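Residue numbers (PDB author numbering), protein chains in the order written: chain CD, 169 to 336, 370 to 392; chain CF, 5 to 125; chain CE, 2 to 409; chain JM, 164 to 199; chain CB, 85 to 125, 138 to 324; chain UK, 101 to 172, 180 to 250. Backbone N, C-alpha and C fix where the C-beta goes; we use that ideal spot for every residue, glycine too. Structure record follows, encoded as structure tokens.
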Amino acid sequence: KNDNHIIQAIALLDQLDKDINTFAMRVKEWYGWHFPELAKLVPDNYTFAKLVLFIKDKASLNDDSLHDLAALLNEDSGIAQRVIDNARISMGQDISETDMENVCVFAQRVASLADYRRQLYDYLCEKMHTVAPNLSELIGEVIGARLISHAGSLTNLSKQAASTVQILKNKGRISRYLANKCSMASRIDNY
Amino acid sequence: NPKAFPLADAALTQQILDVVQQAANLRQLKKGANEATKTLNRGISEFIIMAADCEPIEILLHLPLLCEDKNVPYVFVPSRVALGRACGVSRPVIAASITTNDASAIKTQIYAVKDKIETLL
Amino acid sequence: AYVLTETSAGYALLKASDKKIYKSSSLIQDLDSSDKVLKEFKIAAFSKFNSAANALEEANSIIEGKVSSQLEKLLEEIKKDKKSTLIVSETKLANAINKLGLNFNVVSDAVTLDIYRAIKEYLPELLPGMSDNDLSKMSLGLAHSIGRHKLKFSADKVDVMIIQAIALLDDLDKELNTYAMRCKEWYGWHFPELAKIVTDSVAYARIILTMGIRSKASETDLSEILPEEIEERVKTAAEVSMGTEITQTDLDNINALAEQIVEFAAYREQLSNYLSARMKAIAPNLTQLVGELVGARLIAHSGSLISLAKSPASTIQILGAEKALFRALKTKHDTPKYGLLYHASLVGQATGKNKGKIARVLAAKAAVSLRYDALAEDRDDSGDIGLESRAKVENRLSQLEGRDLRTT
Amino acid sequence: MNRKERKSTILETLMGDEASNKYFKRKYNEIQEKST
Amino acid sequence: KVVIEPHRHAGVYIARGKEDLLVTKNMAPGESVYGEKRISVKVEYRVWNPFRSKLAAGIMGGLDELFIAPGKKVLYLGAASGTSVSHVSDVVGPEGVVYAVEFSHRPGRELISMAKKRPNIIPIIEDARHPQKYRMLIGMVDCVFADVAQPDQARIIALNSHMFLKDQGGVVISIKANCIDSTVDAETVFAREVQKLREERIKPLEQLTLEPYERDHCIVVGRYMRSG
Amino acid sequence: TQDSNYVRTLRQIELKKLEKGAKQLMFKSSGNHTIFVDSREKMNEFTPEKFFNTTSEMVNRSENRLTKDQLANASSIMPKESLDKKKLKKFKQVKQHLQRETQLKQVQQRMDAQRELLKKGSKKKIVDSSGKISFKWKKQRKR
RNA sequence: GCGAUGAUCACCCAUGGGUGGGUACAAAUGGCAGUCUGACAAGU
Numbered sequence: 169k170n171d172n173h174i175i176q177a178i179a180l181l182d183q184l185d186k187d188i189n190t191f192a193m194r195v196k197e198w199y200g201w202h203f204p205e206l207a208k209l210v211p212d213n214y215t216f217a218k219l220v221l222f223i224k225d226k227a228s229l230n231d232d233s234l235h236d237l238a239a240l241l242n243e244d245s246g247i248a249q250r251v252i253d254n255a256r257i258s259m260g261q262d263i264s265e266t267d268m269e270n271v272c273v274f275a276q277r278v279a280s281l282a283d284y285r286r287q288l289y290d291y292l293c294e295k296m297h298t299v300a301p302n303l304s305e306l307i308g309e310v311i312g313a314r315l316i317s318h319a320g321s322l323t324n325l326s327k328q329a330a331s332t333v334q335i336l370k371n372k373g374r375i376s377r378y379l380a381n382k383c384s385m386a387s388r389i390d391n392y
Numbered sequence: 005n006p007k008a009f010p011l012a013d014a015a016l017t018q019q020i021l022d023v024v025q026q027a028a029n030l031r032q033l034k035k036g037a038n039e040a041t042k043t044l045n046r047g048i049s050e051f052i053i054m055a056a057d058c059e060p061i062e063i064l065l066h067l068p069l070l071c072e073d074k075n076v077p078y079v080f081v082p083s084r085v086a087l088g089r090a091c092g093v094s095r096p097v098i099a100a101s102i103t104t105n106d107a108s109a110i111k112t113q114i115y116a117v118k119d120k121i122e123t124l125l
Numbered sequence: 002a003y004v005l006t007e008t009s010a011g012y013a014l015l016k017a018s019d020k021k022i023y024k025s026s027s028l029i030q031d032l033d034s035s036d037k038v039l040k041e042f043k044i045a046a047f048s049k050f051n052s053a054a055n056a057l058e059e060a061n062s063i064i065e066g067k068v069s070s071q072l073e074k075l076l077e078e079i080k081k082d083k084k085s086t087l088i089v090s091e092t093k094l095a096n097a098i099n100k101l102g103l104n105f106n107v108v109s110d111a112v113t114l115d116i117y118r119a120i121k122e123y124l125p126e127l128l129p130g131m132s133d134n135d136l137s138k139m140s141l142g143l144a145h146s147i148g149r150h151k152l153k154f155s156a157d158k159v160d161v162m163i164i165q166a167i168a169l170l171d172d173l174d175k176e177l178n179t180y181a182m183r184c185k186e187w188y189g190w191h192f193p194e195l196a197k198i199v200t201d202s203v204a205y206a207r208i209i210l211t212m213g214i215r216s217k218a219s220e221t222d223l224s225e226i227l228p229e230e231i232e233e234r235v236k237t238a239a240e241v242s243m244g245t246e247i248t249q250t251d252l253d254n255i256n257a258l259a260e261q262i263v264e265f266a267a268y269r270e271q272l273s274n275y276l277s278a279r280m281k282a283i284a285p286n287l288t289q290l291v292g293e294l295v296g297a298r299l300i301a302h303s304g305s306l307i308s309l310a311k312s313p314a315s316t317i318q319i320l321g322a323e324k325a326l327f328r329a330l331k332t333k334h335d336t337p338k339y340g341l342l343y344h345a346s347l348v349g350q351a352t353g354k355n356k357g358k359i360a361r362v363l364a365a366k367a368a369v370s371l372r373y374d375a376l377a378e379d380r381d382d383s384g385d386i387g388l389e390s391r392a393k394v395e396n397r398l399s400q401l402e403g404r405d406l407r408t409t
Numbered sequence: 164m165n166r167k168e169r170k171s172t173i174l175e176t177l178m179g180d181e182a183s184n185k186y187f188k189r190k191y192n193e194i195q196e197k198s199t
Numbered sequence: 085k086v087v088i089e090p091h092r093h094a095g096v097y098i099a100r101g102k103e104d105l106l107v108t109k110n111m112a113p114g115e116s117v118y119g120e121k122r123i124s125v138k139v140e141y142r143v144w145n146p147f148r149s150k151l152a153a154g155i156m157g158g159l160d161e162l163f164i165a166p167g168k169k170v171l172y173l174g175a176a177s178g179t180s181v182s183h184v185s186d187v188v189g190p191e192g193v194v195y196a197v198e199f200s201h202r203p204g205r206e207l208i209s210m211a212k213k214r215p216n217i218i219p220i221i222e223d224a225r226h227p228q229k230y231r232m233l234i235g236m237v238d239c240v241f242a243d244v245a246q247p248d249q250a251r252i253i254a255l256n257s258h259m260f261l262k263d264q265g266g267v268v269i270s271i272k273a274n275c276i277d278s279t280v281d282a283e284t285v286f287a288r289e290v291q292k293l294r295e296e297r298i299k300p301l302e303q304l305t306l307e308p309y310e311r312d313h314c315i316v317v318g319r320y321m322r323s324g
Numbered sequence: 101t102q103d104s105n106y107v108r109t110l111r112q113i114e115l116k117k118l119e120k121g122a123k124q125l126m127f128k129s130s131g132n133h134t135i136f137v138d139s140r141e142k143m144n145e146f147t148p149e150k151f152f153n154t155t156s157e158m159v160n161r162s163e164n165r166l167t168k169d170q171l172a180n181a182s183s184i185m186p187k188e189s190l191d192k193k194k195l196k197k198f199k200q201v202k203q204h205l206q207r208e209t210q211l212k213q214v215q216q217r218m219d220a221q222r223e224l225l226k227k228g229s230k231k232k233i234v235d236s237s238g239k240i241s242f243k244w245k246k247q248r249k250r
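See below:
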């Protein structure tokens, strides 16, 4: 019946996603100083950090390199041959090996952060099935944890009435219906 | 020094230092690199006289940027000691600024020397 | 006759009628900039230089000045007879390839702007010849590399990188602090007297990494994390705590969070050291004078180093406390006299009125050292001007300190 | 409350309110006419 | 609240709102390359200032034929920190290209920053007097514009036009008699430089004196004809 | 009442605001546009309407001398009365900025003269027959 | 084959779009917003 694990996990989840996006934008900035056309070729930030970790510097472009950065996700969107061409003919300002080391350490940092986010979300889903399974089955694990964090505790959520849970034509009908059933689910899951 | 590009010849130095001395007596003159930079940012400088044998040259080479950015005439003279004696202070000044005033007795000489500097540029 | 042309992708050579001057006259006088004349004269020998950008740049610099080995291994078999004539446009290149070893005859920048201009016109028709591409990006990247080398851009002097580094340092400190707050109040369900008695985020996370539960901490030693009095303090706290018991799964995830904390702190330290190296590589005299952190903060306030150079000295003295400056100017109070130089070592070494006077003197000498570091076209990168200016400020500080106030 | 009404000063949000504004100009015109 | 009216030159527009403006499009969204204020209406837009760009003064004065169309390649002599060549890049758009040429070093680095932003500008830090020295990177430009303030302006323009310009092309020059002669009548200087260009085979069509925006400045527009 | 620091601050404030206003404003052109015609008969038969293929309003305006083939403000409230009023409001705002700026310059200059005459030198109070007071420092290198 | 474990309850063009508003985050070389004084001081 402790639920502060749920509350802390939610706060950590949203701060973790925001920080993932910020640090991925920073990796985008620095490796765009080195080579901006990759930053406009792969907008996917996690794969961008991985691809920076592979192609640290833009000189190593072989066919085995082609195959390895093809195994990096895929070939079907031409990204491998396109980045070979664009890193052969790029306008990229070259930087130092120390800056390259700091860039790749930063990209490794971002990859580890994304791994931690995935692990934390799975742990949150497990703890939600542990603590409040009816509410989690009713609305959802993430959304139920959002409701619990908005309230303050499962005790607060079950103590409040149904209209307050709602503020926590057939669209309005379904909203009120789901709010009342959510309130009953929180009652049974707390007590 | 090629970085000191407009460097005055002898007669031009003589005219410039005489105008500096009269402007100092009337106190239409601001002395020093920081004070000249402040006058340039204020936009109240008539024109700029710099030294050439300053040790080193960059600490006043920062000035031509602002000088033609606000389109002010500037010139280099050889001796900072000569510039200090002409300014009338006991220390060698490396950069002085004649300010703008038209209720001034030396407006004609100021305009003549400024025109000659501008022609040299 | 042969004619040489420089492209952004390779060196090309074209054979034509041996009376090449009269051929160019026919070109212009029949308006032969068209595909008819270009299919009359497509190519003789192509040589695409390789996919190595440094080789591109050095090859182009040697095209501007001299003759390269790439030109040699192109020029191994231009000829069949002992004498053949070649059209070239650079006169220095003309006498160079006259002086080289094959000794075949060449013609300099003659009337053959006809030839060069027409083949640059319908060089699109030469693109199906050897280079099936669009060389706009080729010329773009080549021009950027050539401009980099002509400006002689040292790869370590990058003020945009130093402002990015200081902003990332501040962001890292903020996010590390909020993650430490999160981890502290998550572990506070198990050991709140520790959460009070220690305040280092890193010592907190290292304790979470070594021990997990209170009596495990009581049997585990904690010498390398904390001193003896504080570790026995947390021994007593572990004896009489108040928190619940944590399952192994929650202990695992809070342990992963603690690992993220200590790795963040280690990376922040490493990045601060990298920033120090960047300051010493970019503006060494200012590092010698004011100190690395305050130098980076001044540059980040000003934006670019050259904008900071264009600023005068008094703005450098009060570069930080601009709010106090403008408010005091409007309401007729006294201006701030420290700003952002206050955290420099010499201003921290002085005291009171000596602090104000040393801030003034050091701001003036900092403007001097800074202008030299920004505008030195060549620079020994030693630290000489900064060191002698620091000596001047040190003599001024010693004199000002020795001068007392009360009549003895 | 709102976000576009959250103003950094109690006097600022007071004069940002409008019913107070018409009441204030009404009563001020009344007392000013009484003064003159 | 801001009406966009297309100018008679393809690429330039006019903002008719509270305060009327001469505007161009953007290719770098959300980045004013020198501090000008940008508008949007959505499509981003960015204003030319006549007091900073001689091309802006010319267009605002009214011009018959400006040979810089969107689908073209234009060469710029003397891009002083690029504050006009960014606007010319946005006028041209990605279909064409612009070769900026600078020699002096600090606006050289400014131009490197701007050309690292935009893909239409390519920078040449080589001095403008030697087309044999920078003859590799540029091929058969369509229009040529000149901002150079050196007294051998007609000769360097004739050299660059002989070595790079497509025949029947467009040549636009900005010229200041306070640089070239600075003691005699500006109209006489303009007749003299026109005679120089006619000697150097440029057939001039128009000239315009940018009087309310600058003092003692003309801009000449002519065709490059009958050459190879 | 006030001080040189306050006047200096206000002058720089108004100078920068006037600069931003002049950057936002728009000035109409006035130039000596010439056209270079080959032959004297074409000089004699030249007309601007045919040379620019515009209309009368389009040729007497110089910004938009649009093609007739290119030809091939009533959206805002009170077009003939309010929009021009707002543009004249912007113009008079810039003008008011400029006059307040130069008045602050005059006050700053008088305060500076008083401060120098208080400050330093060996000065003789000279009066000029236009009634104007100057102070003559004797030539002496200040140490 | 109902219900207290909860029934019922701003504009235009014809259930489609345009105009306005609220919420969270992000960017800005967007605004507030302007960079102090300027020759003497210390010992005898």
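Within the segment 351–401 of chain CE, the runs of alpha helix (DSSP H) that reach at least 4 residues and sit entirely inside it are, in chain order, 354–376. Under the Cβ criterion of 8 Å, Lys120(UK) is not counted among the residues facing chain CF. The contact set of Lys121(CE) on chain CB, defined by CB atoms closer than 7 Å, consists of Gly235, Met236 in chain order. By the neighbour-count definition (other C-beta atoms within 10 Å, threshold 16), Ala330(CD) is an exposed residue.
Spatial neighbours of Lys43(CE) in its own chain (CB-CB distance under 6 Å, excluding positions within 5 residues in sequence) are listed in chain order as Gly130. Taking a cut-off of 8 Å on C-beta distances, the segment 276–289 of chain CB does not touch the segment 205–213 of chain CB, as fewer than three cross pairs fall below it. If you draw a straight line from the Cα of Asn396(CE) to the Cα of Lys272(CB), it is about 54 Å long. Nearest C-alpha to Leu110(UK) among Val234(UK), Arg165(UK), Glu223(UK), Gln213(UK): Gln213(UK). The three-state reading of DSSP puts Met385(CD) in helix, counting H, G and I together.
Against chain CE, the beta carbon of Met232(CB) has neighbours under 7 Å at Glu7, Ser9, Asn61, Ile64, listed in chain order. Contact between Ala27(CF) and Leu33(CF) is confirmed by a C-beta separation of about 4 Å, below the 8 Å threshold. The Cβ-Cβ distance between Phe260(CB) and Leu171(CB) falls below 8 Å.
Contact of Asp251(CE) with chain CD by beta-carbon distance below 7 Å involves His173. For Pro204(CD), the enclosing alpha helix (DSSP H) has its first and last residue at 204–209.
Identification of chain CE residues near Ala179(CD) by a Cβ-Cβ cut-off of 9 Å yields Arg183, ordered along the chain. Using a Cβ distance threshold of 8 Å, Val76(CF) and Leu44(CF) count as a contacting pair. Out of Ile163(CE), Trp187(CE), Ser25(CE), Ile147(CE), the CA that lies nearest to the CA of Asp110(CE) is found in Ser25(CE). By the neighbour-count definition (other C-beta atoms within 10 Å, threshold 16), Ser185(CB) is a buried residue. Assignment of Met54(CF) by DSSP, reduced to helix, strand and coil, places it in the strand class. In the three-state scheme derived from DSSP, where H, G and I count as helix and E and B as strand, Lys299(CB) is classed as strand. By the rule that beta-carbons nearer than 8 Å mark a contact, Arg84(CF) does not touch chain UK.
For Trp187(CE), the enclosing alpha helix (DSSP H) has its first and last residue at 160–188. Taking the beta carbon of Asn29(CF) as reference, the chain UK residues within 7 Å of it are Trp244, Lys246, listed in sequence order.
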